[PDB]
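Visitor: quick check, what structure comes out for this input:
(one chain, ligands or ions: 1)
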Amino acid sequence: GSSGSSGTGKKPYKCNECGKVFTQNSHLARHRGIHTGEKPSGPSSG
Ligand SMILES: [Zn+2]
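Guide: Numbers count the residues shown, from 1 in each chain. Structure as follows:
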């Protein structure tokens, strides 16, 4: 007695970070990089 769910992501490979899709996983894995990094911890003072 409830709406049944179905379908995870027909797409080949999507970026759970932004949502970009890449036919080839390799393209995605490498892309995800654009996200990681550039995460400083406040001021440096050095
Ligand atoms: Zn992304």
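Visitor: near the ion, which residues of this protein show up?
Guide: Counting by CB under 5 Å from the ion, the residues of the chain close to the ion are 15, 17, 18, 20. All C-beta spots, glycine's among them, are computed from the backbone N, C-alpha and C.
Visitor: now tabulate the residues you listed in JSON lines and tack on secondary structure, distance to residue 40 and neighbour count.
Guide: Shown next, in JSON lines, are the residues of the chain next to the ion (DSSP: H, G, I helix; E, B strand; the rest coil; distance: CB to CB, whole Å; neighbours: other CB atoms under 10 Å):
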{"residue": "15", "secondary structure": "coil", "distance to residue 40": "23", "neighbour count": "16"}
{"residue": "17", "secondary structure": "coil", "distance to residue 40": "19", "neighbour count": "12"}
{"residue": "18", "secondary structure": "coil", "distance to residue 40": "21", "neighbour count": "11"}
{"residue": "20", "secondary structure": "coil", "distance to residue 40": "25", "neighbour count": "13"}
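Visitor: identify the farthest-apart pair in those residues.
Guide: Largest separation among the residues of the chain next to the ion by CB to CB: 17 and 20, giving 8.2 Å.
Visitor: so residue 23 sits against residue 12, correct?
Guide: Yes. At 5.4 Å, residue 23 counts as touching residue 12 under the criterion of CB atoms under 8 Å.
Visitor: show me which positions of stretch 22-37 end up buried.
Guide: Neighbour-count burial for stretch 22-37, with 16 or more other CB atoms under 10 Å as criterion, is recorded at 22, 28, 31.
Visitor: for the spatially closest residue to the first one that is not a sequence neighbour, what are its contacts?
Guide: Closest residue to residue 22 in three dimensions, ignoring its sequence neighbours and counting by CB to CB, 6 or more residues apart in numbering: residue 28, at 4.1 Å. Applying CB atoms under 8 Å, 6 or more residues apart in numbering, one finds that residue 28 lies in contact with 13, 14, 15, 20, 21, 22.
Visitor: residue 39: which of those residues is nearest?
Guide: Taking CB to CB as the measure, residue 39 lies nearest residue 15 of the contacts of residue 28, at 17.6 Å.
Visitor: quick check, that closest one in contact with residue 34.
Guide: No. The criterion here is CB under 8 Å, and residue 15 misses it with residue 34 at 9.1 Å.
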